[PDB]
Protein chains: 2
Amino acid sequence: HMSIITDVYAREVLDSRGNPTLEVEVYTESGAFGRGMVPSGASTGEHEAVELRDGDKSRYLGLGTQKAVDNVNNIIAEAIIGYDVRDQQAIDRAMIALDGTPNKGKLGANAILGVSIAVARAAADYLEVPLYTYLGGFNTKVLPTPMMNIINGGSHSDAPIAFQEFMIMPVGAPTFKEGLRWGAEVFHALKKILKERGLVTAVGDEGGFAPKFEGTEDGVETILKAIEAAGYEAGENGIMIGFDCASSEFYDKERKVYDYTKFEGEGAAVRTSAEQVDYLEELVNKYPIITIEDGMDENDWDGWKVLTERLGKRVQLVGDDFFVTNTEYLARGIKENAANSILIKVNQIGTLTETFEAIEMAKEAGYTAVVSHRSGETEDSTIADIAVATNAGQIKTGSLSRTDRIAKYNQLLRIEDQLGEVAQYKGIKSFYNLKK
Amino acid sequence: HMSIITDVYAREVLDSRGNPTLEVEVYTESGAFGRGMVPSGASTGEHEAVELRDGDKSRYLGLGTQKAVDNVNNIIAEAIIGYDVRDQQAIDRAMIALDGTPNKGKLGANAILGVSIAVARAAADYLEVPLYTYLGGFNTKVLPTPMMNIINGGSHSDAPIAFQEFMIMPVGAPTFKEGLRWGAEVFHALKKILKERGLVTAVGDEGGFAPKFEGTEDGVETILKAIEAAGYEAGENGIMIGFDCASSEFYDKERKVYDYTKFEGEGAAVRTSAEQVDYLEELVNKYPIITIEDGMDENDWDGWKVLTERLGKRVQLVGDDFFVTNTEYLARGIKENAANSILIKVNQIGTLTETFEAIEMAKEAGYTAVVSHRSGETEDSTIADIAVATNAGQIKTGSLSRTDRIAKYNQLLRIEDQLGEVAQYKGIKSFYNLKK
């Protein structure tokens, strides 16, 4: 038919670290071939694209997702059928205003993401045309600019460091074909610094470091020296650096300040709201610095003003929790009048329709839509393809430790060659409203 | 040429930890565009298969595969048109004549494997059959068995241990689905202790760790005890383990004696050839083994003849560096009883048809085969379906706590869903080399 439906199939698969996910076959006869699934991460207690799990001993130690798959696999056969897969919106938006749960799922947020992923894929590679380029008109070309990691912290790290990560960028990059070498170099060349001086024997994350390092204020030698003779200049021109500070971790709501004495030593002073801000601004003033991420909790409604009050046209700040690409919060960013970037963790936004609506809504004013990877990932590059399709601009995928991220990078380069002529990056306009 | 295997299209792509590889596409005159790619790994000198890497030191320290991509596109593009409409062997096994070198370095084992995989994974393009069905056996319904690295070693060992990598093995699940869990459950049990241990929880990109013990009257006790606490039994009525000895290396070539003062503390203990096998005689019996990779050295000829006479039905003699998956080397082991099994490395052998033929010849000599993971881990899951195609089943699949390793099962659960009705679990009686 290619326009009517009377038959489909679906199933489940495993994911990274052992959080299996969905897998649905929405083909028409033997007239379609592709794949459909979604990454995942198990949690609760927040308005995420929260994920539904089984817990039954038979369902892979209680970590199976067949129970959430059952909401689709039990009540279809030939009963509810009658809608088509060509109509992207008929699946995307006719569904939400039937359940309307606040945290994005009763039958499954990951289910509703993977299902529409399959919907998009069901004829993408059929058309013999790239996936990103055909979901509306023809207007998706830009590979999201990758921001790379150099440090990690918290319980995601082997050593006691607070800030969840520090990040640098290839702002000098001409094109992705050649640029693929730069990021791989920054990861390969993380074993030759210590000798100039005599330093510590510890290991680290996907390509960031977790050292037994005495104090936060000194984190310079392990990074700047492994910026210079990482193969590249460091200084404060030509090359940039960035940070990240795990917004919704800790807030002394009982006293209207923050705290950072969790990881500061017992001999340290009280780091505050303003001591946090001014300590980042210290490197904003006399360090090559543009990009920042997180630091302020789900509700730091007024606090998101602050990092763009005086840290004005000199930086760009990503906010995970209060933005999460969610529609209501993405609107309230305007109500606060001072948002500047957003985090687009794929399993925080749900359907692709809302994904692109919110992405364009943000990027209209210059927001850099950072589509960020997740622990539980599959062999498909659906997330980076979505980022390309929605012309997000920025992508956060850690470093080259994991082949499932290497797969995203490879698929995006394949895409670049299918494009042919895309040596594109927007220069200083990549962060846009900047003159410092 | 309405039905002639006409066109190809390869490219250069990536794999684990920033190493380039190659991807191939073969087009039929029916509507095919199929994609497929191969992992990375290279050597030189003896008969071992060899990659062709770009001489430009910029392209990943000279690890660029663009020259292999050219060997495909500028040479094979004219050697595929006009040939037979349907002939698996004639189509695929004819690349050594074109290369002119036995090790296949001039054209490339990776490129040759990609060329083969393109047509072999053309199922939905036009074959009407799955890959396992096509590659030489029609109605196989065989399922995998993981040997996984969770504790590192070998080259990383300043401690009083040597072992290159511990492989834990599941054997005795009630039915074919439950075998996956029976092997996957152990990494969680190891993590149960390691995190509270802290004794350098160094994480390798395999997904494992590198812990240390102190001495005897406990060192190994925890292997038995932790799985007891988890409840899983031990032995060929339970969980069994296998070791990658890395014998061919540790056996100092300049001295030719298994002197283990190399990795252990300086002292007295030393093992010779006539005294090594008592190492296993004391180890295996209280801590059972299932699979041993390259049980002992290749420069030790007269002395492989104690293990197969003492425990020669319980200790699988998996030969990797004894065979290098090559036809001539495998025939060597066959000719005069140097082992009883083969480790497969598809990127070493070169083609799916060569892998199938090698497994067929191993079956003819009573040798069980095992596909194995390689350093450059792909996202394409073709490399592992050949084992199910030839009923080899077992696979070395890194550590299942990561996506590079999970993707293979994420693929093969589709095969497990497709057995038919006749999949009664052979299980502990699957072996034909063992339990003669």
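Method-wise, the PDB entry is recorded as coming from cryo-EM, at a reported resolution of 3.8 Å.

Assigned secondary structure in chain A consists of 11 helices and 10 strands. A compact globule built from 436 residues should have a C-alpha radius of gyration of about 22 Å, and chain A, at 22 Å, falls within 12% of that. Across its three principal axes, chain A shows a C-alpha extent of roughly 70 × 55 × 45 Å. Counting only contacts in chain A whose residues sit at least 6 apart along the sequence, the fraction spanning at least 24 positions is 67%.

Applying the stated criterion across every chain yields a total of 52 salt bridges over all chains. Linking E379 of chain A and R414 of chain B is a salt bridge whose minimum nitrogen-to-oxygen distance equals 3.8 Å. Taken together, the positions of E379 of chain A in the loop between β9 (368-372) and α10 (382-389) and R414 of chain B in helix α16 (residues 403-416) put the pair across two chains. Note on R414 of chain B: relative accessible area 12%, which makes it buried.

A separate point is the interface of chain B and chain A. Opposite the 37 residues of chain B that make contact, chain A presents 36 residues. When residues of the side of chain B that touches chain A are traced back to their parent elements, those giving at least two are β2 (11-15), β3 (19-24), α7 (178-197) and α16 of chain B. Broken down by element, the residue count for the side of chain B that touches chain A peaks at eight residues, all from α16 of chain B. For the side of chain B that touches chain A, the class distribution of residues is 13 nonpolar, 11 polar and 13 charged.

With antiparallel pairing, the three strands of this open sheet are ordered in space as β2-β3-β5 (chain B). Every other strand in the sheet has two partners, leaving β2 and β5 (36-38) of chain B as the edge strands with one partner each. On average, each strand axis in the sheet is inclined to that of its neighbour by 40 degrees, with strand direction left out of account. With five bridges joining them, β2 of chain B and β3 of chain B adopt antiparallel strand pairing. Bridging from a neighbouring strand, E12 of chain B pairs with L22 of chain B of β3 of chain B. Here helix α11 (residues 403-419) of chain A sits on the sheet and contacts β2, β3 and β5 of chain B; the angle it forms with β2 of chain B, its principal contact strand, is near 160 degrees.

With that settled, consider the packing of helix α12 (residues 327-335) of chain B against helix α14 (residues 352-364) of chain B. All names here are of chain B. Contact geometry for α12 and α14: axes closest at 11 Å, N-to-C directions at 10 degrees. If you check the angle between α12 and α14, you find them roughly parallel. When α12 is examined against α14, the residues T327, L330, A331 and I334 are found in contact with a partner set consisting of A358, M361 and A362. For the contact of α12 with α14, the class distribution of residues is six nonpolar, one polar and no charged.

This part covers the packing of aromatic side chains. Residue and element names in this part refer to chain A. Evaluated as defined, the whole model comprises 22 aromatic pairs over all chains. Seen in terms of ring centroids, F163 and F166 are 5.8 Å apart; in terms of plane orientation they differ by 65 degrees. Their pairing is edge-to-face. The pair formed by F163 and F166 is uniform in burial state, with each residue classed as buried. Within the aromatic cluster, the residues linked to one another by ring pairs are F163, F166, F243, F250 and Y260. Taking NZ or CZ as reference, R332 lies 4.2 Å from the ring centre of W301, over its face.

All names here are of chain B. Its boundaries defined by the atoms lining it, the second largest cavity holds a volume of some 230 Å³. Listing elements by their share of the lining of the second largest cavity, those giving two or more residues are α9 (247-250) and α10 (273-286). Top contributing element to the lining of the second largest cavity by residue count: α10, with four residues. Its residues placed into classes, the lining of the second largest cavity shows 12 nonpolar, four polar and no charged.

As a rule of thumb, nonpolar side chains are buried together in soluble globular proteins. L135, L307, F323, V346 and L352 of chain B are the most contacted members of the largest nonpolar core, which totals 67 residues. Counting residues domain by domain, this core receives three or more from each of domain 1 (4-128) and domain 2 (129-436) of chain B.

Residue and element names in this part refer to chain A. On the UniProt side, "active site" (unreviewed entry) is annotated at positions that read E206 and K345 here. Following the sequence through the fold, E206 ends up in the loop between α4 (176-188) and α5 (221-228). Setting aside anything within four residues of it in sequence, one finds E206 in contact with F187, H373, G398, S399, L400, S401, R402 and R405. Within the element layout of this structure, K345 appears in the loop between β8 (341-343) and α9 (352-363). Other than its neighbours up to four places away in sequence, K345 contacts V370, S372, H373 and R374.

The next point concerns the sheet that holds strand β5 (residues 240-244) of chain A. All names here are of chain A. With mixed pairing, the six strands of this open sheet are ordered in space as β5-β4-β3-β10-β9-β8. For this open sheet the edge positions go to β5 and β8, each flanked by a neighbour on one side alone. The sheet shows a mean angle of 30 degrees between the axes of neighbouring strands, taken without regard to direction. The sheet contact formed by strand β3 (residues 145-152) and strand β4 (residues 165-169) spans four bridges and is antiparallel. Pairing of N152 across the sheet is with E165, part of β4.

All right, on to the packing of α4 of chain A against α11 of chain A then. All names here are of chain A. Packing of α4 against α11 leaves a shortest axis separation of 10 Å and a crossing angle of 160 degrees. Here α11 runs roughly antiparallel to α4, going by the angle between their axes. In this structure, α4 meets α11 at a crossing whose hand is left-handed. Together, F176, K177 and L180 of α4 and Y409, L412 and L413 of α11 make up the contact between the two elements. Among the residues making up the contact of α4 with α11, the classes are represented as five nonpolar, no polar and one charged.

What follows is about the pairing of β9 of chain A. Residue and element names in this part refer to chain A. Among the five residues that make up β9, five are buried, leaving the element largely enclosed by the rest of the structure. The alternating pattern of β9 places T368, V370 and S372 and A369 and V371 on opposite faces, both of which are buried. Both β8 and β9 contribute to a ladder of three bridges, which runs parallel. Each bridged residue has a counterpart across the sheet, and for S341 the counterpart in β9 is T368. With α9 bridging β8 and the parallel β9, this β-α-β connection has right-handed handedness. In terms of strand pairing, β9 meets strand β10 (residues 393-396) through four bridges, oriented parallel. Bridged to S372 within β10 is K396. For the crossover from β9 across α10 to β10, the handedness is right-handed.

Quick notes on the rules
Residues numbered from 1 in each chain as written, not as in the entry; some residues may be left out. Chains lettered and ligands numbered in written order. Heavy atoms only, no water. Residues with missing side-chain atoms left out of burial classes, pairs and counts. Helix = DSSP H or I, 4+ residues; strand = E, 2+ residues; numbered from the N terminus. Rg over C-alpha atoms; globule rule 2.2 N^0.38 Å. Contact = heavy atoms within 4.5 Å. Salt bridge = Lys/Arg side-chain N within 4 Å of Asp/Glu carboxyl O. Buried < 20%, exposed > 50% of the residue type's maximum accessible area, 1.4 Å probe, protein only. Nonpolar A, V, L, I, M, F, W, Y, C, P; charged D, E, K, R; others polar. Pairing = 2+ DSSP bridges. Axes fitted to C-alpha atoms, helices over the stretch in contact; angles between N-to-C directions. Parallel < 35°, antiparallel > 145°, perpendicular 65-115°, else oblique. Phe/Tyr/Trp six-rings, centres within 6.5 Å; stacked < 30°, edge-to-face > 60°. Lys NZ or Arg CZ within 6 Å of the ring centre and 35° of its normal. 1 Å grid on protein atoms, 1.4 Å probe; cavity = no way out; pocket = protein on both sides within 12 Å on 5 of 7 lines; lining within 4 Å. Points joined across faces, edges and corners; volume = space filled by probe spheres on them. Core = buried A, V, L, I, M, F, W, Y, C linked by side-chain atoms within 4.5 Å. Domains from an automatic or database assignment. UniProt positions renumbered as here; feature names shortened; annotations may be inferred. Left-handed = near helix turned anticlockwise from the far one by under 90°. Right-handed = clockwise from strand over helix to strand, strands pointing away.

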